[PDB]
Amino acid sequence: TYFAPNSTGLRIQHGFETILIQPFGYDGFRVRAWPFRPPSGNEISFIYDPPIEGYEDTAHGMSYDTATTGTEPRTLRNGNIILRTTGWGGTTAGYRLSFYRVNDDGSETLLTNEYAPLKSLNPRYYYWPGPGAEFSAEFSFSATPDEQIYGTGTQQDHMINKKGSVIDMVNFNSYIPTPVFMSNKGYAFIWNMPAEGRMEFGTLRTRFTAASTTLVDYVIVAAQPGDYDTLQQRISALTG
Amino acid sequence: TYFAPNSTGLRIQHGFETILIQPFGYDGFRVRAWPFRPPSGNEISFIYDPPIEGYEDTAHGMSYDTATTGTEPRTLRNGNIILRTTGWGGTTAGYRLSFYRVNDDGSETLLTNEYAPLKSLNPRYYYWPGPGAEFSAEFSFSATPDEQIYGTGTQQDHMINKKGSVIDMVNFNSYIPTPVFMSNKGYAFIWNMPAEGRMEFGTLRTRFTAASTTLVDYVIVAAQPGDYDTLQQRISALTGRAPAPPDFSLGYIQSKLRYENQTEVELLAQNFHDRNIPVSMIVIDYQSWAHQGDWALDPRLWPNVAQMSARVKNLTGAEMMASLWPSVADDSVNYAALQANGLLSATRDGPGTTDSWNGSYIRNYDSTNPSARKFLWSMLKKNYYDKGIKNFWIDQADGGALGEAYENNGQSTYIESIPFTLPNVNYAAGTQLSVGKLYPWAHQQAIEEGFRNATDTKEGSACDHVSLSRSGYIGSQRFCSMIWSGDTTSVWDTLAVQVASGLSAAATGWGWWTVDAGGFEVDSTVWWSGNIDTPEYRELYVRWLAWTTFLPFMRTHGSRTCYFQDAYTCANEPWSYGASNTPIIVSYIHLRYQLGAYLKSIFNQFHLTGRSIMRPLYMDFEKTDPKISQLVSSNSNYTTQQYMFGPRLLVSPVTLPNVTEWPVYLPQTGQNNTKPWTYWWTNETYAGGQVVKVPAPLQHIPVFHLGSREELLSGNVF
Ligand SMILES: *[C@@H]1O[C@H](CO)[C@@H](O[C@@H]2O[C@H](CO)[C@@H](O[C@@H]3O[C@H](CO[C@H]4O[C@H](CO[C@H]5O[C@H](CO)[C@@H](O)[C@H](O)[C@@H]5O[C@H]5O[C@H](CO)[C@@H](O)[C@H](O)[C@@H]5O)[C@@H](O)[C@H](O[C@H]5O[C@H](CO)[C@@H](O)[C@H](O)[C@@H]5O)[C@@H]4O)[C@@H](O)[C@H](O[C@H]4O[C@H](CO)[C@@H](O)[C@H](O)[C@@H]4O[C@H]4O[C@H](CO)[C@@H](O)[C@H](O)[C@@H]4O[C@H]4O[C@H](CO)[C@@H](O)[C@H](O)[C@@H]4O)[C@@H]3O)[C@H](O)[C@H]2NC(C)=O)[C@H](O)[C@H]1NC(C)=O
Ligand SMILES: *[C@@H]1O[C@H](CO)[C@@H](O[C@@H]2O[C@H](CO)[C@@H](O[C@@H]3O[C@H](CO[C@H]4O[C@H](CO[C@H]5O[C@H](CO)[C@@H](O)[C@H](O)[C@@H]5O[C@H]5O[C@H](CO)[C@@H](O)[C@H](O)[C@@H]5O)[C@@H](O)[C@H](O[C@H]5O[C@H](CO)[C@@H](O)[C@H](O)[C@@H]5O)[C@@H]4O)[C@@H](O)[C@H](O[C@H]4O[C@H](CO)[C@@H](O)[C@H](O)[C@@H]4O[C@H]4O[C@H](CO)[C@@H](O)[C@H](O)[C@@H]4O[C@H]4O[C@H](CO)[C@@H](O)[C@H](O)[C@@H]4O)[C@@H]3O)[C@H](O)[C@H]2NC(C)=O)[C@H](O)[C@H]1NC(C)=O
Ligand SMILES: *[C@@H]1O[C@H](CO)[C@@H](O[C@@H]2O[C@H](CO)[C@@H](O[C@@H]3O[C@H](CO[C@H]4O[C@H](CO[C@H]5O[C@H](CO)[C@@H](O)[C@H](O)[C@@H]5O)[C@@H](O)[C@H](O[C@H]5O[C@H](CO)[C@@H](O)[C@H](O)[C@@H]5O)[C@@H]4O)[C@@H](O)[C@H](O[C@H]4O[C@H](CO)[C@@H](O)[C@H](O)[C@@H]4O[C@H]4O[C@H](CO)[C@@H](O)[C@H](O)[C@@H]4O[C@H]4O[C@H](CO)[C@@H](O)[C@H](O)[C@@H]4O)[C@@H]3O)[C@H](O)[C@H]2NC(C)=O)[C@H](O)[C@H]1NC(C)=O
Ligand SMILES: *[C@@H]1O[C@H](CO)[C@@H](O[C@@H]2O[C@H](CO)[C@@H](O[C@@H]3O[C@H](CO[C@H]4O[C@H](CO)[C@@H](O)[C@H](O)[C@@H]4O)[C@@H](O)[C@H](O[C@H]4O[C@H](CO)[C@@H](O)[C@H](O)[C@@H]4O[C@H]4O[C@H](CO)[C@@H](O)[C@H](O)[C@@H]4O)[C@@H]3O)[C@H](O)[C@H]2NC(C)=O)[C@H](O)[C@H]1NC(C)=O
Ligand SMILES: OC[C@H]1O[C@@H](O[C@H]2[C@@H](OC[C@H]3O[C@@H](O[C@H]4[C@H](O)[C@@H](O)[C@H](O)O[C@@H]4CO)[C@H](O)[C@@H](O)[C@@H]3O[C@@H]3O[C@H](CO)[C@@H](O)[C@H](O)[C@H]3O)OC[C@@H](O)[C@@H]2O)[C@H](O)[C@@H](O)[C@H]1O
Ligand SMILES: OC[C@H]1O[C@@H](O[C@H]2[C@H](O)[C@@H](O)[C@H](O[C@H]3[C@H](O)[C@@H](O)[C@H](O)O[C@@H]3CO)O[C@@H]2CO[C@H]2OC[C@@H](O)[C@H](O)[C@H]2O)[C@H](O)[C@@H](O)[C@@H]1O
Ligand SMILES: *[C@@H]1O[C@H](CO)[C@@H](O)[C@H](O)[C@H]1NC(C)=O
Ligand SMILES: *[C@@H]1O[C@H](CO)[C@@H](O)[C@H](O)[C@H]1NC(C)=O
Ligand SMILES: *[C@@H]1O[C@H](CO)[C@@H](O)[C@H](O)[C@H]1NC(C)=O
Ligand SMILES: *[C@@H]1O[C@H](CO)[C@@H](O)[C@H](O)[C@H]1NC(C)=O
Ligand SMILES: *[C@@H]1O[C@H](CO)[C@@H](O)[C@H](O)[C@H]1NC(C)=O
Ligand SMILES: O[C@@H]1[C@@H](O)[C@@H](O)OC[C@H]1O
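Just so you know, the sequences run in chain order A and B.
Just so you know, the first sequence maps onto residues 19 to 258 in full-length UniProt numbering.
Just so you know, the second sequence maps onto residues 19 to 736 in full-length UniProt numbering.
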């Protein structure tokens, strides 16, 4: 009785950047974005395709069902997670991402969306520091002051709630920063990137950065609140 | 009886860098090298695998037979070229490359090796400027002081020997640097790289650089000395064999800046018809659109273009050509769609504008984006091809900026002279520094794909239509596309320098080359420059127009000035240069059509073997005439301003005013007991190996011919 998806993925052409959102595993979406040049195909990934456990029969790859330029809003549902493409500001469009969970009582809860209030930097920011095509990436997502962040690897901070902390993604003795975290809102998030960077768990914005990359890749999975054993069931099905 | 190779390739592991050397085509080796990270496989290559013609049955790919760390020397032979891996200094190893040719007499000759004397930088130098893995590359090869370099693309330098010159690989108006050259030592070299960089043809070292890349790739091919026709046969087999041109394109091409509305074009065809003067193609220049990026004629001045093209073909039978620029402005009807679908290049920060023109800042469309190439053809086929204009003038597509070596085009010369840095823009295939040299090549490809799609024809087969391009790159000869020398000044010195540019293009592999008859721009320091009403420029134009008769394509064009005007711009028609000059101009138009069999025959041999159409003197008389070797090294006027147009004609334009005698050097052919050179206008025969002063009135261009005239007019010359 699983709410299987009706689309293999959505590919948005937003100017020079392409965003490929695909249903991935149970109650999960996989988002990939790149400016100008398509993925080489030799990028390093830490997630399984298809997931170790999920609704799928075969791997997704780059497959998608619908292509748009993001002029109009769209909606895609997989399991209990729903994606809603929207505009920025008062506009009605479909180049901004937002993720909801369908609760047991029929209502919906906003897990997170791309941090794009009226006056703010682009939630998918690209910057070219070198003469080549490799770029640095800064992706921003909304957050609430009451949110709680669990995981993010190991660190001697004497805290299990990582909210309000910045975690640099550079390894050294006793410090293994890993961008895999659970939120008490009922969702988990995987920044599937091997590049060094930064984890910002701010009061109103969650931001991940990549020092140098050719492709941004993350996965978001939803679960009913308080049910952390399912979140870990989904994370392990994605990463091992 | 070809000396086939015994190994599919050698892969050397020299520290963190991998070098893959493979036999490639006849008498050729292909070398690829990369540090740390293996090739993505999506690098841009301009050579064919397998070569169009060679010993191979299938493509090589990354295949190799032997793997080593280069501790010991090895040897590999393919055809008459031999590779010998050696050490550096007195060491005995196998991580340095050296290339020899096996001569006919059994001996060997060193073509070149990696420049690695005892004290020197690494001949394969890598440098990482950014935080990522992309690197800059500097590859150095040995050279001798006596060496001669031919090719390297086009440039207004008045030289065919490029030795001692540095050639920057950045495109702008009249400057198409292309790293394909022949050496008089008997070898050719292709730097198969789309990145911007540098060509150093120094006294003792040849060096190529790449600003940003993930893989170095070059090909070296050997040939017996003096045998340049084989070198061009190998280069064309590696980078492309030209198609056969449509017969109409070999005629008289009328153009100017500019025919402004439809009725002016229709009266032009009426004039050719009423005067019974033949014309094969009528060209419409730029600024004929409503907005930059509309890619359609402005209906306010071209109301019914299907009727215009049909009327032109009804009066003269001529085809039509229209101009398009790669720039897109915000006022364009296509601007929103081009922006939304990511079909525009952009500077990597700021608004994204790449240059300016027509009082607006613009963005160039992305010719490297396949979707953008389709978008642009959908416009050209809708508004031109399906309306009788089936030939296209792809102007100002050098890449990066809008066709010039300065930014802020169209503005004051003071502002243009301010050293604003040329833009390292974002493309779909890379950046300007990493893949920029691809832009004009992919722009030609956009129309080639459209031409071949409409006619259901394969690339390389006979062309139905052509395109006129001002830039290109390695293997551009594979397209139904002709290159012209760009914006030149209408003075005497310019006419002399254009010859050497076309001869350098021939050594690069480009046969479809031409100029603007009479120059393009007015020289402000020469009062009569470009004035069709002054006798001074009338003399220059008739000399220039006569030369275009003996070029791969005869086309007149320019931005003239005048004392009397009856149109949007000053005229450039065969009857616009004085009553006394009209019969002179029309005679060369008729002579051009009389040479049709000769033209179609020599264009066919260029299609089969890469047989150069306009030929520098070293290709036919280096084996014979001993004095030609030095006349090329010194860049004498006898070799930079004379050439063989086909196998039988020897042409030498008059590049000075007020001249009735012209000194032409007739090369030696190998038979001292004969007089093989026949002057065209007097039918007098001369012996080879001397300079002769022939009668050169204003109506006669100095031209000699081998064999009988009636045979060369028949076409049976091969
Ligand atoms: C004391 O201090 C306190 C702070 O410490 C302070 O609290 C702050 O108060 C303000 C106002 O009270 C709060 O601001 C609001 O925040 C809301 C939540 O925002 C987030 O989530 C939404 C998505 O929300 C949808 O789904 C959830 C869950 O399912 C629902 O609960 C929601 O109702 C909503 O549902 C709709 O849309 C869904 C999807 O389409 C549908 O499924 C569903 O059916 C509903 O139609 C995100 O969009 C937000 O993202 C935005 O901001 C983030 C981060 O900044 C950006 O990253 C992102 O890009 C976006 O910009 C966000 O994540 C907002 O929903 C709420 O928005 C309303 O008002 C603002 C003006 O302030 C409007 O601009 C906005 O359009 C919203 O207006 C509509 O609804 C209002 C009333 O509800 C109507 O009056 C109005 O007409 C309009 O109607 C629209 O929808 C109607 C629904 O039917 C429809 O009828 C109409 O026709 C029309 O379309 C607002 O921003 C803020 O969060 C508090 N902060 C904190 C920390 O608590 C407090 O006020 C102080 N007290 C005092 C006395 O001073
Ligand atoms: C006036 O001013 C003039 C300048 O304006 C000035 O002229 C300069 O003079 C000097 C000396 O006269 C010249 O220097 C020489 O250059 C030679 C050519 O160098 C290039 O090519 C070689 C490869 O050459 C091979 O193949 C060709 C063609 O097939 C043959 O002709 C060669 O003989 C040679 O063949 C051998 O090896 C082949 C492959 O294995 C075999 O197939 C073949 O059978 C042969 O065995 C390249 O290697 C060179 O590359 C090097 O330098 C470049 C550029 O700098 C680097 O990029 C690269 O990394 C290399 O470092 C180069 O491209 C050289 O061959 C010659 O070398 C000899 O002497 C030097 C010392 O100076 C030794 O270090 C070197 O090892 C050589 O020595 C051997 O041979 C000599 C005599 O021939 C012996 O005495 C010695 O024992 C040694 O013997 C070796 O081989 C013997 C062969 O049998 C063997 O018997 C022995 O057992 C032993 O193994 C030298 O460098 C220079 O070019 C002139 N410059 C100009 C512009 O002309 C002039 O002198 C001035 N006059 C006066 C009076 O002052
Ligand atoms: C950036 O680039 C853009 C383009 O890429 C640049 O834009 C262009 O600039 C060029 C010139 O710089 C312009 O050419 C001029 O265009 C005008 C306008 O022509 C049009 O509009 C006319 C009238 O329109 C009005 O009425 C109509 C009624 O329907 C109405 O709809 C409309 O709303 C408006 O109210 C039309 O009549 C005219 O159409 C006619 O001709 C067409 C041609 O074949 C034909 O199709 C039509 O059937 C119709 O017959 C057209 O749509 C032209 O007027 C102008 O031409 C004059 O000047 C040029 C020299 O520039 C000259 O060669 C011409 O002969 C002509 O000259 C007459 O008037 C002169 C007075 O100025 C006079 O001196 C001349 O003698 C001549 O007049 C008289 O005598 C002669 C002979 O004795 C006789 O032939 C005449 O009939 C007359 O009796 C140019 O073509 C482009 O239009 C313009 N393009 C765009 C899109 O804007 C831009 O400048 C650049 N910007 C920057 C910053 O660099
Ligand atoms: C679409 O395209 C067509 C074709 O180009 C175009 O038609 C033509 O426009 C041009 C330019 O506007 C016209 O040329 C002008 O005609 C006028 C008047 O010509 C008449 O009278 C003469 C007398 O002999 C007849 O021969 C002729 O047939 C006409 O009936 C001329 O006055 C114009 O010339 C002058 O100015 C020029 C500079 O712009 C000077 O170089 C030239 O010397 C002329 O100037 C001086 O002349 C006199 C000196 O003695 C004196 O009057 C002044 O000092 C003056 O400065 C020019 O020749 C041409 O006739 C049009 N042709 C046709 C068939 O109509 C359309 O207009 C165009 N449509 C568009 C753009 O919408
Ligand atoms: O560049 C804008 C700037 O031009 C100033 O002109 C200077 C410039 O001329 C180049 C220009 O010549 C046109 O022909 C002119 C000729 O220059 C004049 O001498 C003559 O009297 O008139 C003719 C035609 O009216 C050509 O038609 C133009 O193509 C050429 O311009 C170049 O245009 C190409 C594209 O077509 C573009 O890519 C180049 O960037 C551009 O330079 O240079 C020579 C100087 O002597 C001139 O002064 C002008 O004064 C100024 O107002 C401004 O318009
Ligand atoms: O020769 C050296 C000197 O030449 C100057 O040019 C002269 C020409 O020598 C002369 O042929 C020319 O003749 C024009 C005549 O002006 C015109 O009325 C007629 O219709 O056409 C004739 C041939 O085309 O005059 C020019 C002068 O040109 C201009 O600049 C000077 C100014 O005084 C005049 O009014 C202008 O026309 C060169 O100018 C000068 O640089 C040379 O050193
Ligand atoms: C799939 O379902 C979504 C609702 O979540 C709907 O918006 C979309 O149109 C549907 N697509 C198809 C092909 O049924
Ligand atoms: C191939 O021939 C070369 C000589 O050029 C020799 O060095 C090599 O050992 C040969 N390899 C094989 C497999 O015969
Ligand atoms: C072209 O059509 C015209 C009628 O407009 C006719 O008089 C003429 O004979 C035709 N010529 C050709 C070559 O078809
Ligand atoms: C050429 O491309 C068109 C689409 O633009 C396609 O329909 C057609 O099959 C292709 N081939 C030919 C011969 O038209
Ligand atoms: C030269 O010979 C050709 C024929 O080959 C002839 O047409 C021409 O008139 C001759 N020129 C003379 C006699 O000056
Ligand atoms: O041929 C010219 C071209 O080189 C450029 O200047 O655009 C205008 C054309 O007339």
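Every residue, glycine too, gets a C-beta built ideally from N, C-alpha and C.
Taking C-alpha positions only, residue 82 of chain A is separated from residue 177 of chain B by approximately 56 angstroms. Residue 627 of chain B has its Cβ no nearer than 7 angstroms to any heavy atom of ligand 6.
Neighbours of residue 359 of chain B across chain A, judged by C-beta separation under 7 angstroms: 31 and 87.
Within the DSSP secondary-structure output, residue 32 of chain A pairs in a beta bridge with A:35.
Residue 247 of chain B sits in a helix when the DSSP states are folded into three classes.
Counting only runs of 3+ residues, the beta strand (DSSP E) found wholly inside the segment 199 to 245 of chain A occupies 205 to 209, 215 to 219, 223 to 231 and 234 to 240, in chain order. Between residue 226 of chain A and residue 181 of chain A, the C-beta gap is not smaller than 8 angstroms, which leaves the two residues out of contact. Scanning its chain for C-beta atoms nearer than 8 angstroms, with the 5 sequence neighbours on each side dropped, one finds around residue 56 of chain B the residues 36, in chain order. Proximity of residue 106 of chain A to chain B, defined by a Cβ-Cβ separation below 8 angstroms, is not satisfied. With a cut-off of 8 angstroms on Cβ pairs, the segment 665 to 676 of chain B is in contact with the segment 711 to 730 of chain B, counting three or more such pairs.
For residue 546 of chain B, the closest C-alpha among the options B:533, B:509 and B:121 is that of B:509.
Looking from the CA of residue 161 of chain A, the closest CA among A:171, A:135, A:153 and A:185 belongs to A:135. Rounded to the nearest whole angstrom, the C-alpha separation of residue 483 of chain B and residue 573 of chain B is 16 angstroms. One alpha carbon belongs to residue 658 of chain B, the other to residue 377 of chain B, and they sit about 40 angstroms apart. Within the segment 144 to 160 of chain B, those residues whose Cβ lies closer than 7 angstroms to any Cβ of chain A are, in chain order, 147, 148, 149, 150 and 152. For residue 120 of chain B, the enclosing beta strand (DSSP E) covers residues 116 to 120. Under DSSP, residue 194 of chain B shares a beta bridge with B:172.
Residue 73 of chain B and residue 130 of chain B have their alpha carbons spaced roughly 24 angstroms apart. Here the segment 116 to 128 of chain A does not lie against the segment 111 to 127 of chain B, with fewer than 3 beta-carbon pairs under 8 angstroms apart. As the crow flies, the alpha-carbon of residue 90 of chain A is around 12 angstroms from that of residue 32 of chain A. In this structure residue 318 of chain B does not touch residue 587 of chain B by the C-beta definition: roughly 18 angstroms separates them, more than the 8 angstroms allowed.
With the criterion CB distance below 6 angstroms from any heavy atom of ligand 3, the matching residues run B:278, B:279, B:280, B:281, B:305, B:307, B:308, B:316, B:318, B:319, B:321, B:376, B:377 and B:586 along the chain. Residue range 600 to 612 is occupied by the alpha helix (DSSP H) that includes residue 612 of chain B.
For the C-beta of residue 229 of chain A, the chain B residues within less than 7 angstroms are, from N- to C-terminus, 149. Not one heavy atom of ligand 9 falls within 7 angstroms of the beta-carbon of residue 294 of chain B. In this structure, residue 111 of chain B has its beta carbon at no less than 7 angstroms from each heavy atom of ligand 2. Any Cβ of chain B closer than 8 angstroms to the Cβ of residue 199 of chain A would place that residue at the interface, and such an atom is absent.
Around the C-beta of residue 179 of chain A, fewer than 16 other C-beta atoms lie within 10 Å, and the residue is accordingly described as exposed.
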